[PDB]
$ cat run17.cif   # mmCIF, N, CA and C atoms
data_model
#
loop_
_atom_site.group_PDB
_atom_site.id
_atom_site.type_symbol
_atom_site.label_atom_id
_atom_site.label_comp_id
_atom_site.auth_asym_id
_atom_site.auth_seq_id
_atom_site.Cartn_x
_atom_site.Cartn_y
_atom_site.Cartn_z
ATOM 1 N N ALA K 272 0.851 -1.222 0.000
ATOM 2 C CA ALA K 272 0.000 0.000 0.000
ATOM 3 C C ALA K 272 0.872 1.253 0.000
ATOM 4 N N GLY K 273 1.464 1.560 1.177
ATOM 5 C CA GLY K 273 2.637 2.465 1.307
ATOM 6 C C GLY K 273 3.865 1.887 0.629
ATOM 7 N N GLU K 274 3.955 0.576 0.713
ATOM 8 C CA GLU K 274 5.000 -0.180 0.100
ATOM 9 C C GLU K 274 5.006 0.068 -1.409
ATOM 10 N N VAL K 275 3.828 0.013 -2.046
ATOM 11 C CA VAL K 275 3.745 0.087 -3.526
ATOM 12 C C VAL K 275 3.874 1.563 -3.967
ATOM 13 N N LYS K 276 3.374 2.472 -3.148
ATOM 14 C CA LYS K 276 3.644 3.878 -3.361
ATOM 15 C C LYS K 276 5.157 4.174 -3.341
ATOM 16 N N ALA K 277 5.896 3.576 -2.412
ATOM 17 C CA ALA K 277 7.312 3.868 -2.317
ATOM 18 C C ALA K 277 8.072 3.326 -3.494
ATOM 19 N N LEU K 278 7.732 2.121 -3.894
ATOM 20 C CA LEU K 278 8.444 1.485 -4.992
ATOM 21 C C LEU K 278 8.089 2.183 -6.312
ATOM 22 N N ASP K 279 6.844 2.678 -6.429
ATOM 23 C CA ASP K 279 6.459 3.493 -7.595
ATOM 24 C C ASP K 279 7.363 4.698 -7.650
ATOM 25 N N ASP K 280 7.512 5.354 -6.506
ATOM 26 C CA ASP K 280 8.324 6.551 -6.407
ATOM 27 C C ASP K 280 9.787 6.271 -6.722
ATOM 28 N N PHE K 281 10.234 5.061 -6.434
ATOM 29 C CA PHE K 281 11.600 4.674 -6.822
ATOM 30 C C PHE K 281 11.748 4.670 -8.317
ATOM 31 N N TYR K 282 10.830 4.015 -9.025
ATOM 32 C CA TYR K 282 10.890 3.959 -10.492
ATOM 33 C C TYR K 282 10.695 5.342 -11.082
ATOM 34 N N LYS K 283 9.835 6.134 -10.473
ATOM 35 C CA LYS K 283 9.711 7.492 -10.896
ATOM 36 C C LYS K 283 11.052 8.245 -10.793
ATOM 37 N N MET K 284 11.787 7.992 -9.719
ATOM 38 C CA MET K 284 13.022 8.710 -9.466
ATOM 39 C C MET K 284 14.088 8.355 -10.479
ATOM 40 N N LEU K 285 14.100 7.097 -10.888
ATOM 41 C CA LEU K 285 14.969 6.666 -12.000
ATOM 42 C C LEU K 285 14.751 7.485 -13.268
ATOM 43 N N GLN K 286 13.548 7.976 -13.463
ATOM 44 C CA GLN K 286 13.279 8.825 -14.588
ATOM 45 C C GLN K 286 13.614 10.255 -14.237
ATOM 46 N N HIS K 287 13.065 10.735 -13.109
ATOM 47 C CA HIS K 287 13.227 12.105 -12.681
ATOM 48 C C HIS K 287 14.675 12.555 -12.310
ATOM 49 N N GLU K 288 15.353 11.798 -11.467
ATOM 50 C CA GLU K 288 16.704 12.119 -11.131
ATOM 51 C C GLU K 288 17.438 10.819 -10.837
ATOM 52 N N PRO K 289 18.060 10.250 -11.859
ATOM 53 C CA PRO K 289 18.609 8.924 -11.650
ATOM 54 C C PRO K 289 19.656 8.890 -10.529
ATOM 55 N N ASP K 290 20.428 9.959 -10.324
ATOM 56 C CA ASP K 290 21.416 9.989 -9.238
ATOM 57 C C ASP K 290 20.795 10.007 -7.831
ATOM 58 N N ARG K 291 19.456 9.962 -7.721
ATOM 59 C CA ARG K 291 18.846 9.795 -6.435
ATOM 60 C C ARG K 291 18.069 8.497 -6.330
ATOM 61 N N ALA K 292 18.389 7.523 -7.155
ATOM 62 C CA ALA K 292 17.791 6.199 -7.015
ATOM 63 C C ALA K 292 18.847 5.134 -7.197
ATOM 64 N N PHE K 293 19.145 4.404 -6.151
ATOM 65 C CA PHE K 293 20.238 3.470 -6.164
ATOM 66 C C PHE K 293 19.669 2.102 -5.770
ATOM 67 N N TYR K 294 20.285 1.036 -6.243
ATOM 68 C CA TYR K 294 20.018 -0.299 -5.695
ATOM 69 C C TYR K 294 21.267 -1.132 -5.661
ATOM 70 N N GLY K 295 21.248 -2.183 -4.865
ATOM 71 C CA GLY K 295 22.504 -2.853 -4.516
ATOM 72 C C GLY K 295 22.988 -2.376 -3.185
ATOM 73 N N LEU K 296 23.481 -3.301 -2.365
ATOM 74 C CA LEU K 296 23.884 -2.967 -0.983
ATOM 75 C C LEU K 296 25.084 -2.006 -0.900
ATOM 76 N N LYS K 297 26.061 -2.157 -1.772
ATOM 77 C CA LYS K 297 27.223 -1.266 -1.765
ATOM 78 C C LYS K 297 26.850 0.158 -2.106
ATOM 79 N N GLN K 298 25.974 0.352 -3.102
ATOM 80 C CA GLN K 298 25.526 1.683 -3.474
ATOM 81 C C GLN K 298 24.712 2.293 -2.372
ATOM 82 N N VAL K 299 23.842 1.497 -1.806
ATOM 83 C CA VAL K 299 22.952 1.997 -0.785
ATOM 84 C C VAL K 299 23.723 2.299 0.492
ATOM 85 N N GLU K 300 24.791 1.565 0.725
ATOM 86 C CA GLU K 300 25.594 1.832 1.915
ATOM 87 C C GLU K 300 26.398 3.073 1.757
ATOM 88 N N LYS K 301 26.922 3.282 0.580
ATOM 89 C CA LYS K 301 27.587 4.533 0.303
ATOM 90 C C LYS K 301 26.659 5.761 0.463
ATOM 91 N N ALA K 302 25.413 5.647 0.004
ATOM 92 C CA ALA K 302 24.464 6.698 0.156
ATOM 93 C C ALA K 302 24.124 6.957 1.635
ATOM 94 N N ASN K 303 24.010 5.911 2.430
ATOM 95 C CA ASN K 303 23.774 6.124 3.841
ATOM 96 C C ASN K 303 24.985 6.760 4.599
ATOM 97 N N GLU K 304 26.191 6.424 4.196
ATOM 98 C CA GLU K 304 27.381 7.062 4.743
ATOM 99 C C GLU K 304 27.316 8.549 4.525
ATOM 100 N N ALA K 305 26.786 8.966 3.389
ATOM 101 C CA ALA K 305 26.589 10.397 3.164
ATOM 102 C C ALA K 305 25.329 10.936 3.843
ATOM 103 N N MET K 306 24.612 10.082 4.578
ATOM 104 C CA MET K 306 23.364 10.475 5.172
ATOM 105 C C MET K 306 22.337 10.997 4.121
ATOM 106 N N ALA K 307 22.390 10.481 2.905
ATOM 107 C CA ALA K 307 21.618 11.045 1.807
ATOM 108 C C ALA K 307 20.222 10.406 1.581
ATOM 109 N N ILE K 308 19.879 9.404 2.359
ATOM 110 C CA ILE K 308 18.732 8.552 2.091
ATOM 111 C C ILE K 308 17.388 9.131 2.508
ATOM 112 N N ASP K 309 16.430 9.056 1.608
ATOM 113 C CA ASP K 309 15.044 9.437 1.887
ATOM 114 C C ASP K 309 14.310 8.201 2.377
ATOM 115 N N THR K 310 14.287 7.166 1.554
ATOM 116 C CA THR K 310 13.706 5.894 1.941
ATOM 117 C C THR K 310 14.551 4.714 1.562
ATOM 118 N N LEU K 311 14.672 3.791 2.499
ATOM 119 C CA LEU K 311 15.326 2.546 2.240
ATOM 120 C C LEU K 311 14.274 1.511 1.975
ATOM 121 N N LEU K 312 14.505 0.715 0.947
ATOM 122 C CA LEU K 312 13.533 -0.256 0.527
ATOM 123 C C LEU K 312 14.225 -1.566 0.615
ATOM 124 N N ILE K 313 13.762 -2.414 1.523
ATOM 125 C CA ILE K 313 14.448 -3.663 1.765
ATOM 126 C C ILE K 313 13.501 -4.855 1.828
ATOM 127 N N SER K 314 13.870 -5.948 1.158
ATOM 128 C CA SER K 314 13.064 -7.189 1.166
ATOM 129 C C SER K 314 13.283 -7.915 2.469
ATOM 130 N N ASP K 315 12.228 -8.424 3.124
ATOM 131 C CA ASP K 315 12.434 -9.231 4.364
ATOM 132 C C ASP K 315 13.088 -10.564 4.133
ATOM 133 N N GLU K 316 13.168 -11.032 2.881
ATOM 134 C CA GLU K 316 14.018 -12.191 2.529
ATOM 135 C C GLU K 316 15.469 -12.000 3.021
ATOM 136 N N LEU K 317 15.972 -10.773 2.994
ATOM 137 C CA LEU K 317 17.376 -10.558 3.296
ATOM 138 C C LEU K 317 17.675 -10.785 4.776
ATOM 139 N N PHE K 318 16.648 -10.823 5.615
ATOM 140 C CA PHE K 318 16.840 -11.165 7.023
ATOM 141 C C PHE K 318 16.576 -12.642 7.329
ATOM 142 N N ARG K 319 16.231 -13.429 6.322
ATOM 143 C CA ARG K 319 15.609 -14.711 6.627
ATOM 144 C C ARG K 319 16.620 -15.765 7.005
ATOM 145 N N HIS K 320 17.584 -16.017 6.127
ATOM 146 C CA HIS K 320 18.528 -17.101 6.373
ATOM 147 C C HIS K 320 19.866 -16.788 5.763
ATOM 148 N N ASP K 322 22.807 -16.114 7.877
ATOM 149 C CA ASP K 322 24.217 -15.770 7.947
ATOM 150 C C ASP K 322 24.394 -14.519 8.804
ATOM 151 N N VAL K 323 25.056 -14.686 9.938
ATOM 152 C CA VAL K 323 25.041 -13.675 10.967
ATOM 153 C C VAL K 323 25.662 -12.357 10.514
ATOM 154 N N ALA K 324 26.836 -12.424 9.897
ATOM 155 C CA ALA K 324 27.541 -11.211 9.475
ATOM 156 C C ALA K 324 26.708 -10.376 8.520
ATOM 157 N N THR K 325 26.212 -11.043 7.491
ATOM 158 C CA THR K 325 25.443 -10.364 6.472
ATOM 159 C C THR K 325 24.114 -9.799 7.060
ATOM 160 N N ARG K 326 23.478 -10.567 7.934
ATOM 161 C CA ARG K 326 22.244 -10.126 8.540
ATOM 162 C C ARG K 326 22.502 -8.901 9.430
ATOM 163 N N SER K 327 23.643 -8.899 10.093
ATOM 164 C CA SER K 327 24.011 -7.802 10.962
ATOM 165 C C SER K 327 24.226 -6.540 10.141
ATOM 166 N N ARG K 328 24.820 -6.720 8.967
ATOM 167 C CA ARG K 328 25.089 -5.599 8.065
ATOM 168 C C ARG K 328 23.752 -4.972 7.693
ATOM 169 N N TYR K 329 22.750 -5.814 7.393
ATOM 170 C CA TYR K 329 21.440 -5.330 7.061
ATOM 171 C C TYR K 329 20.763 -4.620 8.229
ATOM 172 N N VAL K 330 20.928 -5.119 9.451
ATOM 173 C CA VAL K 330 20.284 -4.493 10.617
ATOM 174 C C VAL K 330 20.947 -3.178 10.997
ATOM 175 N N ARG K 331 22.251 -3.093 10.824
ATOM 176 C CA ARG K 331 22.959 -1.835 11.076
ATOM 177 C C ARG K 331 22.470 -0.758 10.133
ATOM 178 N N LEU K 332 22.354 -1.136 8.859
ATOM 179 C CA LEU K 332 21.856 -0.259 7.824
ATOM 180 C C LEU K 332 20.448 0.267 8.163
ATOM 181 N N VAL K 333 19.561 -0.625 8.585
ATOM 182 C CA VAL K 333 18.208 -0.211 8.938
ATOM 183 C C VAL K 333 18.203 0.798 10.066
ATOM 184 N N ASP K 334 18.963 0.516 11.122
ATOM 185 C CA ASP K 334 19.006 1.438 12.282
ATOM 186 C C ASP K 334 19.673 2.735 11.918
ATOM 187 N N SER K 335 20.731 2.648 11.131
ATOM 188 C CA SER K 335 21.497 3.823 10.777
ATOM 189 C C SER K 335 20.666 4.783 9.902
ATOM 190 N N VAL K 336 19.915 4.222 8.962
ATOM 191 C CA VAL K 336 19.029 5.026 8.140
ATOM 192 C C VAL K 336 18.009 5.774 8.978
ATOM 193 N N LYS K 337 17.494 5.167 10.040
ATOM 194 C CA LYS K 337 16.545 5.882 10.896
ATOM 195 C C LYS K 337 17.227 6.982 11.680
ATOM 196 N N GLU K 338 18.460 6.715 12.094
ATOM 197 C CA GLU K 338 19.272 7.683 12.822
ATOM 198 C C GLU K 338 19.563 8.894 11.936
ATOM 199 N N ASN K 339 19.677 8.661 10.629
ATOM 200 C CA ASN K 339 19.882 9.715 9.625
ATOM 201 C C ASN K 339 18.616 10.393 9.010
ATOM 202 N N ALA K 340 17.497 10.311 9.718
ATOM 203 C CA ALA K 340 16.205 10.898 9.336
ATOM 204 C C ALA K 340 15.680 10.336 8.001
ATOM 205 N N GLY K 341 15.832 9.022 7.860
ATOM 206 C CA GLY K 341 15.355 8.303 6.750
ATOM 207 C C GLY K 341 14.248 7.398 7.222
ATOM 208 N N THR K 342 13.564 6.803 6.269
ATOM 209 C CA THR K 342 12.498 5.904 6.564
ATOM 210 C C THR K 342 12.860 4.582 5.952
ATOM 211 N N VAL K 343 12.515 3.507 6.647
ATOM 212 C CA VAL K 343 12.760 2.155 6.141
ATOM 213 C C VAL K 343 11.453 1.448 5.910
ATOM 214 N N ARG K 344 11.336 0.803 4.767
ATOM 215 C CA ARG K 344 10.160 0.038 4.434
ATOM 216 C C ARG K 344 10.582 -1.386 4.095
ATOM 217 N N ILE K 345 9.993 -2.319 4.846
ATOM 218 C CA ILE K 345 10.353 -3.720 4.767
ATOM 219 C C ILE K 345 9.269 -4.436 4.003
ATOM 220 N N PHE K 346 9.684 -5.106 2.958
ATOM 221 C CA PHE K 346 8.738 -5.624 1.997
ATOM 222 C C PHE K 346 8.614 -7.123 2.203
ATOM 223 N N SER K 347 7.387 -7.590 2.269
ATOM 224 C CA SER K 347 7.103 -9.013 2.129
ATOM 225 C C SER K 347 7.498 -9.380 0.694
ATOM 226 N N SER K 348 7.632 -10.660 0.406
ATOM 227 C CA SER K 348 7.906 -11.084 -0.951
ATOM 228 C C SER K 348 6.733 -11.892 -1.486
ATOM 229 N N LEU K 349 5.525 -11.681 -0.970
ATOM 230 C CA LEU K 349 4.376 -12.435 -1.445
ATOM 231 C C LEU K 349 3.467 -11.601 -2.378
ATOM 232 N N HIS K 350 3.979 -10.474 -2.877
ATOM 233 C CA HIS K 350 3.346 -9.748 -3.979
ATOM 234 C C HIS K 350 4.332 -9.415 -5.093
ATOM 235 N N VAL K 351 3.805 -8.862 -6.187
ATOM 236 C CA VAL K 351 4.653 -8.439 -7.293
ATOM 237 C C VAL K 351 5.651 -7.344 -6.832
ATOM 238 N N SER K 352 5.217 -6.471 -5.918
ATOM 239 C CA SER K 352 6.047 -5.376 -5.406
ATOM 240 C C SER K 352 7.320 -5.899 -4.785
ATOM 241 N N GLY K 353 7.170 -6.773 -3.811
ATOM 242 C CA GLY K 353 8.340 -7.411 -3.196
ATOM 243 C C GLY K 353 9.156 -8.293 -4.129
ATOM 244 N N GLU K 354 8.482 -8.960 -5.037
ATOM 245 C CA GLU K 354 9.205 -9.765 -5.995
ATOM 246 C C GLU K 354 10.117 -8.898 -6.835
ATOM 247 N N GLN K 355 9.613 -7.728 -7.207
ATOM 248 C CA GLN K 355 10.385 -6.777 -8.033
ATOM 249 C C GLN K 355 11.585 -6.185 -7.294
ATOM 250 N N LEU K 356 11.381 -5.794 -6.048
ATOM 251 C CA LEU K 356 12.484 -5.331 -5.229
ATOM 252 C C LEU K 356 13.517 -6.415 -5.180
ATOM 253 N N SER K 357 13.048 -7.669 -5.077
ATOM 254 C CA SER K 357 13.984 -8.805 -5.025
ATOM 255 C C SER K 357 14.785 -8.993 -6.251
ATOM 256 N N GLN K 358 14.274 -8.531 -7.371
ATOM 257 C CA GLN K 358 15.015 -8.587 -8.614
ATOM 258 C C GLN K 358 16.038 -7.485 -8.632
ATOM 259 N N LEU K 359 15.925 -6.497 -7.738
ATOM 260 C CA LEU K 359 16.914 -5.427 -7.703
ATOM 261 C C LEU K 359 17.916 -5.677 -6.585
ATOM 262 N N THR K 360 18.064 -6.945 -6.234
ATOM 263 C CA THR K 360 18.989 -7.440 -5.218
ATOM 264 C C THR K 360 18.413 -7.319 -3.815
ATOM 265 N N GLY K 361 17.164 -6.923 -3.679
ATOM 266 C CA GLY K 361 16.550 -6.921 -2.344
ATOM 267 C C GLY K 361 16.746 -5.625 -1.605
ATOM 268 N N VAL K 362 17.609 -4.733 -2.102
ATOM 269 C CA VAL K 362 17.822 -3.448 -1.443
ATOM 270 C C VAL K 362 17.877 -2.341 -2.435
ATOM 271 N N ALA K 363 17.166 -1.288 -2.125
ATOM 272 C CA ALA K 363 17.220 -0.067 -2.950
ATOM 273 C C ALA K 363 16.967 1.148 -2.087
ATOM 274 N N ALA K 364 17.263 2.318 -2.598
ATOM 275 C CA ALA K 364 16.976 3.519 -1.841
ATOM 276 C C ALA K 364 16.621 4.661 -2.744
ATOM 277 N N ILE K 365 15.678 5.451 -2.280
ATOM 278 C CA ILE K 365 15.426 6.721 -2.846
ATOM 279 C C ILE K 365 16.240 7.718 -2.025
ATOM 280 N N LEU K 366 17.000 8.552 -2.716
ATOM 281 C CA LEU K 366 17.847 9.503 -2.018
ATOM 282 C C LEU K 366 17.189 10.855 -1.872
ATOM 283 N N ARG K 367 17.399 11.467 -0.729
ATOM 284 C CA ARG K 367 16.951 12.846 -0.532
ATOM 285 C C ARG K 367 17.860 13.782 -1.310
ATOM 286 N N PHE K 368 19.154 13.462 -1.352
ATOM 287 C CA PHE K 368 20.175 14.329 -1.969
ATOM 288 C C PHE K 368 21.073 13.402 -2.778
ATOM 289 N N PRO K 369 21.684 13.935 -3.838
ATOM 290 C CA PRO K 369 22.612 13.156 -4.572
ATOM 291 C C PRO K 369 23.851 12.951 -3.750
ATOM 292 N N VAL K 370 24.587 11.900 -4.051
ATOM 293 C CA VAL K 370 25.908 11.715 -3.460
ATOM 294 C C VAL K 370 26.986 11.979 -4.513
ATOM 295 N N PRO K 371 27.601 13.182 -4.493
ATOM 296 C CA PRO K 371 28.566 13.452 -5.569
ATOM 297 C C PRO K 371 29.591 12.382 -5.879
ATOM 298 N N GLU K 372 29.930 11.547 -4.903
ATOM 299 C CA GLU K 372 30.941 10.484 -5.069
ATOM 300 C C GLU K 372 30.318 9.153 -5.507
ATOM 301 N N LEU K 373 28.990 9.145 -5.686
ATOM 302 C CA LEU K 373 28.223 8.013 -6.220
ATOM 303 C C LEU K 373 28.383 6.779 -5.351
#
$ encode --input "run17.cif" --output "structure tokens"
Amino acid sequence: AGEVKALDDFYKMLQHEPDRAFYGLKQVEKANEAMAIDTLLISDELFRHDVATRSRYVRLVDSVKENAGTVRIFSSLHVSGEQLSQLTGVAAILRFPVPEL
């Protein structure tokens, strides 16, 4: 609902300002280091089944909230979550561009 609105806005951002729409954990982590994130979009599959990697995901979630961002956790039982999953399970809409990409 909010989930599908956010993901719509992600695809919109790819058209409107591509430098404010990233996917992939490395890109999204770089954007959070700059505190640039508007919304983090994450599949709950990524928490499901490896301690280090899961911890990396939980740090990211908490850190994004600490940086005045919003996190939206997607089920994978609709087309919306399935699509996020095709983008590696993590994406972000950025509030600001990150000049260093």
$ resolve_selection --input "run17.cif" --expression "the PyMOL selection byres (((chain K and resi 296 and name CA) around 12) and name CA)" --output "list in words"
residues 293, 294, 295, 297, 298, 299, 300, 301, 302, 303, 311, 312, 313, 314, 317, 325, 328, 329, 332, 333, 359, 360, 361, 362, 363 and 364 of chain K
$ atom_distance --input "run17.cif" --atom1 "atom CA of residue 282 of chain K" --atom2 "atom C of residue 324 of chain K"
28.6 Å
$ resolve_selection --input "run17.cif" --expression "the PyMOL selection byres ((chain K and resi 339-354) around 6.5)" --output "ChimeraX atom specification"
/K:275,306,308-316,334-338,355-359
$ atom_distance --input "run17.cif" --atom1 "atom CA of residue 274 of chain K" --atom2 "atom CA of residue 323 of chain K"
26.5 Å
$ resolve_selection --input "run17.cif" --expression "the PyMOL selection byres (((chain K and resi 281 and name CA) around 9) and name CA)" --output "ChimeraX atom specification"
/K:276-280,282-286,291-293,363-365
$ select_by_dssp --input "run17.cif" --residues "chain K" --states "strand (DSSP E)" --output "PyMOL selection string"
chain K and resi 292-294+308-314+342-346+362-366
$ atom_distance --input "run17.cif" --atom1 "atom C of residue 320 of chain K" --atom2 "atom CA of residue 273 of chain K"
26.2 Å
$ closest_residue --input "run17.cif" --among "K:331, K:287, K:326, K:307" --to "residue 368 of chain K" --atoms "only C-alpha atoms"
K:307
$ select_by_dssp --input "run17.cif" --residues "segment 285-370 of chain K" --states "helix (DSSP H, G or I)" --output "JSON, numbers by chain"
{"K": [285, 286, 287, 289, 290, 291, 296, 297, 298, 299, 300, 301, 302, 303, 304, 315, 316, 317, 318, 323, 324, 325, 326, 327, 328, 329, 330, 331, 332, 333, 334, 335, 336, 337, 338, 351, 352, 353, 354, 355, 356, 357, 358]}
$ axis_aligned_box --input "run17.cif" --around "segment 349-359 of chain K" --padding-each-side "8 Å" --output "lines of an AutoDock Vina configuration file"
center_x = 10.6
center_y = -8.9
center_z = -4.8
size_x = 30.6
size_y = 23.1
size_z = 23.7
$ build_atoms --input "run17.cif" --residues "segment 323-336 of chain K" --atoms "N, CA, C and O atoms" --output "short mmCIF file (atom, residue, chain, number, x, y, z; two decimals), in the coordinates of the input"
data_model
loop_
_atom_site.label_atom_id
_atom_site.label_comp_id
_atom_site.auth_asym_id
_atom_site.auth_seq_id
_atom_site.Cartn_x
_atom_site.Cartn_y
_atom_site.Cartn_z
N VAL K 323 25.06 -14.69 9.94
CA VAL K 323 25.04 -13.68 10.97
C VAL K 323 25.66 -12.36 10.51
O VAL K 323 25.08 -11.29 10.72
N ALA K 324 26.84 -12.42 9.90
CA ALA K 324 27.54 -11.21 9.48
C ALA K 324 26.71 -10.38 8.52
O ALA K 324 26.53 -9.17 8.70
N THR K 325 26.21 -11.04 7.49
CA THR K 325 25.44 -10.36 6.47
C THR K 325 24.11 -9.80 7.06
O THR K 325 23.71 -8.66 6.76
N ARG K 326 23.48 -10.57 7.93
CA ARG K 326 22.24 -10.13 8.54
C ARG K 326 22.50 -8.90 9.43
O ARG K 326 21.69 -7.97 9.52
N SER K 327 23.64 -8.90 10.09
CA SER K 327 24.01 -7.80 10.96
C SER K 327 24.23 -6.54 10.14
O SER K 327 23.90 -5.44 10.59
N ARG K 328 24.82 -6.72 8.97
CA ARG K 328 25.09 -5.60 8.06
C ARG K 328 23.75 -4.97 7.69
O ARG K 328 23.64 -3.77 7.70
N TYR K 329 22.75 -5.81 7.39
CA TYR K 329 21.44 -5.33 7.06
C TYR K 329 20.76 -4.62 8.23
O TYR K 329 20.10 -3.59 8.02
N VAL K 330 20.93 -5.12 9.45
CA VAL K 330 20.28 -4.49 10.62
C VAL K 330 20.95 -3.18 11.00
O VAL K 330 20.29 -2.24 11.45
N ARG K 331 22.25 -3.09 10.82
CA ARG K 331 22.96 -1.84 11.08
C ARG K 331 22.47 -0.76 10.13
O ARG K 331 22.19 0.37 10.55
N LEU K 332 22.35 -1.14 8.86
CA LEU K 332 21.86 -0.26 7.82
C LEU K 332 20.45 0.27 8.16
O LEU K 332 20.20 1.47 8.10
N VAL K 333 19.56 -0.62 8.59
CA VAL K 333 18.21 -0.21 8.94
C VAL K 333 18.20 0.80 10.07
O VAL K 333 17.50 1.83 9.99
N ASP K 334 18.96 0.52 11.12
CA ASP K 334 19.01 1.44 12.28
C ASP K 334 19.67 2.74 11.92
O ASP K 334 19.25 3.79 12.35
N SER K 335 20.73 2.65 11.13
CA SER K 335 21.50 3.82 10.78
C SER K 335 20.67 4.78 9.90
O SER K 335 20.67 6.00 10.12
N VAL K 336 19.92 4.22 8.96
CA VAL K 336 19.03 5.03 8.14
C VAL K 336 18.01 5.77 8.98
O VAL K 336 17.66 6.89 8.65
#
